[PDB]
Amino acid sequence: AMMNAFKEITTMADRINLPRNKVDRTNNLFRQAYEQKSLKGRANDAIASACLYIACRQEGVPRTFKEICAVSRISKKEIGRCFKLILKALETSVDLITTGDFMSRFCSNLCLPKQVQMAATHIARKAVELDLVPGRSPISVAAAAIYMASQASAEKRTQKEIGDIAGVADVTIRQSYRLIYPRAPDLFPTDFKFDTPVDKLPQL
């Protein structure tokens, strides 16, 4: 139940490219959710997934729920559920997850340059600093900002391309994008380049 569980954990880890750190910590979490358990009828590889979720985040490098699931089988639901159960059980919690948390990865899979990453990362922080996107999920804001940034450079990517990697839906990205667009000027880096200028950015 435990050893074979770790058999799968490693498989999970590998598929999404996790190095020793979180991959080990997830076993340490999982071994505890057996001692200090109370995770009763929960899938052993659900307790696992959630662990390799609370792990990435405790390492300072989190991935979305959709990211873990796409290497799991146990629904986003269960990993969301056992995740909550696990934090309570073990009397531990995490750090919130922010705009500039997925910017590195999202941008790498999107194949954009350090230029675009940095600006998306500065836009998203000011979007929040300027409270332009009230109750939006940080993933959404980020995917939105990544669309402003990239669309204002050469290397552009579409909402279907960004949404696809960010794990969100064009509709949603459009929602935040359109919320921050009206402040586009105040959002970019300053020394930002511009294959296409703000007065030209898609209004959406």
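Each residue number is its position in the shown sequence, starting from 1.
Engineer: Between 183-191 and 16-24, which has the higher average C-alpha B-factor in the PDB entry?
Structural biologist: Looking at the recorded C-alpha B-factors, 16-24 comes out higher on average.
Engineer: On mean C-alpha B-factor from the PDB entry, just flag whether 83-91 or 115-123 is the higher one.
Structural biologist: Between 83-91 and 115-123, it is 83-91.
Engineer: Checking the record values for 175, 44, 150, 58, which has the greatest CA B factor?
Structural biologist: Answer for 175, 44, 150, 58: 44, with the highest C-alpha B-factor.
Engineer: According to the PDB entry, is the CA B factor of residue 145 in the bottom, middle or top third of its chain, that is, lowest, middle or highest?
Structural biologist: Lowest third.
Engineer: Considering every modelled residue of the chain and its Cα B-factor in the PDB entry, is residue 66 in the lowest, middle or highest third?
Structural biologist: Its C-alpha B-factor belongs to the middle third of this chain's values.
Engineer: Test of reading the entry: by CA B factor among the chain's modelled residues, which third contains residue 39?
Structural biologist: Residue 39: CA B-factor falls in the highest third of its chain.
Engineer: Which third, lowest, middle or highest, does the CA B-factor of residue 73 fall in along this chain?
Structural biologist: Tercile = highest for this residue's CA B-factor.
Engineer: Which third of the chain does residue 31 land in by C-alpha B-factor: lowest, middle or highest?
Structural biologist: Its C-alpha B-factor belongs to the highest third of this chain's values.
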